[PDB]
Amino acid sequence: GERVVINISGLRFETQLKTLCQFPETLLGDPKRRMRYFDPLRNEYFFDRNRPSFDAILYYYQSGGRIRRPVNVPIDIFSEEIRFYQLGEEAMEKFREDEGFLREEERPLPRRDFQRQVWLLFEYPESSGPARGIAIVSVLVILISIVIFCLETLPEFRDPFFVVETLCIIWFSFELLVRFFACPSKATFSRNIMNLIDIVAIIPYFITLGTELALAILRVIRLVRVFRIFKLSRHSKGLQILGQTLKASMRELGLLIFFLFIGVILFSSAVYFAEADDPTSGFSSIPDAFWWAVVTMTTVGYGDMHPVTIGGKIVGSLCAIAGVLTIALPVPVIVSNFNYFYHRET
């Protein structure tokens, strides 16, 4: 039933020896490290230190390791108070996990001299000079492949285009093979999103050459060749934050599309029933005002043609207001996700 008096510069605390011996790897736990500060006469351990920090430290032992920082104590002061009390790296990364920093992982490096040099050359551009050369050459090759895609579909042209496209495909396949064979773990390579993007960027050229030298299919292939824009996400950090934002916000995008569908059916029905007994109106069905309701609710504008009645113009006024209301509701959640993932960098 022995007690112990800990005096943090005038603010006197008291507890049991069991609570101090529950963590016998800290400053106050072992009976010899804390006799550094013991005063024989006053029977107390005088720590000329910080007082709100010590009431948080004393709660950590009582809570059996549950941790929190008081709201009136700054992070650096509390950090070096944890360090002074030598609570433990367990308690330190508990405090980090509690505050919410993502400082937990360090990705490995290949176990050889040759692999380490080519993997750090082709993967980490901040290292060397040749690394920045590979980065700038890669961004330029991606940009000219986009230009070749759009110029292919111009009507003055429809071969130099096949030669430029096959040079771009040679460079893409070359750096994909070099990145694959120089990686540390091949089990991780078929889980990165960017390596899947590079594979889908080089596939349709090879299947076109195969079936060409051996309706919906060829339209799918000509629209799947547009996924070479997403090869810029390796060199752009705002695009990676945009992908993280869009993955964290999938319920809000579904709600946006669902609310717009409900409003389009409702206001198309209303404007068609308001303009049926008028032979000079343009709405001939309810599936004919769908596009008018979409461009009125989003505020793009349908052009000169307008409802022609009085009830149709009252319905159009309500459609223009209701779209602003409908769209403005799930969008602050998506911009909060963006602000979170974006300022997480600092």
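Start at 1 and count along the sequence shown; that's the residue number. So that the term is clear: the rigid core is the largest set of C-alpha atoms that superpose within 1.5 Å between two forms.
In 4 other deposited structures of this protein, superposed on the rigid core, the segment with the larger root-mean-square CA displacement between 107-115 and 168-176 is 107-115. Of the two stretches examined, 74-82 and 217-225, the one with higher mean CA deviation in 4 other deposited structures of this protein after a rigid core fit is 217-225. Going from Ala214 to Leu215, the model skips 10 or more deposited residues, which lack coordinates. According to the PDB entry, the deposited sequence runs on from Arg111 to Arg112 with no residue lacking coordinates between them.
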